[PDB]
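A single chain, nothing else alongside it, follows as structure tokens in the form deposited in one PDB entry.
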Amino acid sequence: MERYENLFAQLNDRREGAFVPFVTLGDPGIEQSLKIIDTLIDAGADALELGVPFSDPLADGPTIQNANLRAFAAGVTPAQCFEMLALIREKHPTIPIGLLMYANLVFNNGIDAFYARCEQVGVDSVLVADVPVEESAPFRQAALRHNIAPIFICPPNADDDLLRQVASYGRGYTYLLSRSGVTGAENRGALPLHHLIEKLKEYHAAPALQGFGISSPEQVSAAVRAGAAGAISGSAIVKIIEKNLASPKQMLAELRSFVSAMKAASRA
């Protein structure tokens, strides 16, 4: 399918950036997670980044660590996540869905089989957080064989060779890392570095989404102004879940408010 390509063309026509929330699948339980995701979409999410709970998430700070732990406490498994993804796609035929994976979950019972399952449930992209381009060959091959976009990372410390590889190997979107470190809303990244955005464009890379430390509408606007195609926010969203565990109604209301405000900021 061409879900990211279609989205970016539509946003381009509307002179809008994408706003893309991240949540952990099954946090704080399967049923509440599905409701959270529906709320995110209804509130204006242009795409989704969805985490499969993993025991040792080494690119994640405490907020998303704790999201993984909540999902595990609810007994969430990768198999249950794939059931959820199928249900989400059934409801929402065009929204791009990207997974945030750790390598072992992809490698576990065969890389090819993993990407085949992604295709079956209608996932559009997979970002394997601990597989750099240097190690990516079997992952990107399996991805492309199964009509999945493999997502690669452009860090602030990117050199020309990396820029060219990311442009060549990646599909769907390019991840433009705000900063070094791990996920977290307290650690605010820099403005998208224009040098990287304009090099990615030169090399015909997939459109750039800025991620890490994006927690405010101001930052989404700033990403758009800097030439990024959109922005991802995870920890900021997850904090609203964490804060409202005993108040599922308030949780959804506050998620709606936040997502709507972040989306509003993407409009130029």
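Only residues modelled in both forms are compared. Just so we're on the same page, rigid core means the largest C-alpha set that superposes within 1.5 Å between forms. Residue numbers here begin at 1 and follow the sequence given.
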Coordinates lacking for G181, a third or more of other entries: yes
Across other compared entries, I97 missing in at least a third: no
Given 181 to 189 and 134 to 142, the range whose Cα B-factors average higher in the PDB entry: 181 to 189
Per the entry, higher mean C-alpha B factor between 238 to 246 and 200 to 208: 200 to 208
Among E49, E218, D27, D56 - the residue whose C-alpha B-factor is largest in the record: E218
Residue selected from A149, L85, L162, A71 by maximal Cα B factor: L162
Lowest, middle or highest third - CA B-factor, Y175: middle
Lowest, middle or highest third - CA B-factor, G213: middle
Assigned third (lowest, middle, highest) for the C-alpha B factor of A45: middle
Within-chain third of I64 by Cα B-factor, per the entry: lowest
Ranked against its chain, the third holding the CA B-factor of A158: highest
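Only in words, not in the display: the form deposited in another entry, which the text now covers.
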Moved residue between this form and the one not shown - picked from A149, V106, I88, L100, where its Cα shifts 2 angstroms or more relative to the rigid core: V106
Flag for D46, CA shift 2 Å or larger between this form and the one not shown after aligning core: no
Displaced residue check between this form and the one not shown: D56, CA, 2 Å or over, core reference: yes
Sequence-ordered runs, three or more residues, C-alpha shift 2 Å or more between this form and the one not shown, rigid core: 55 to 60, 106 to 108, 189 to 192
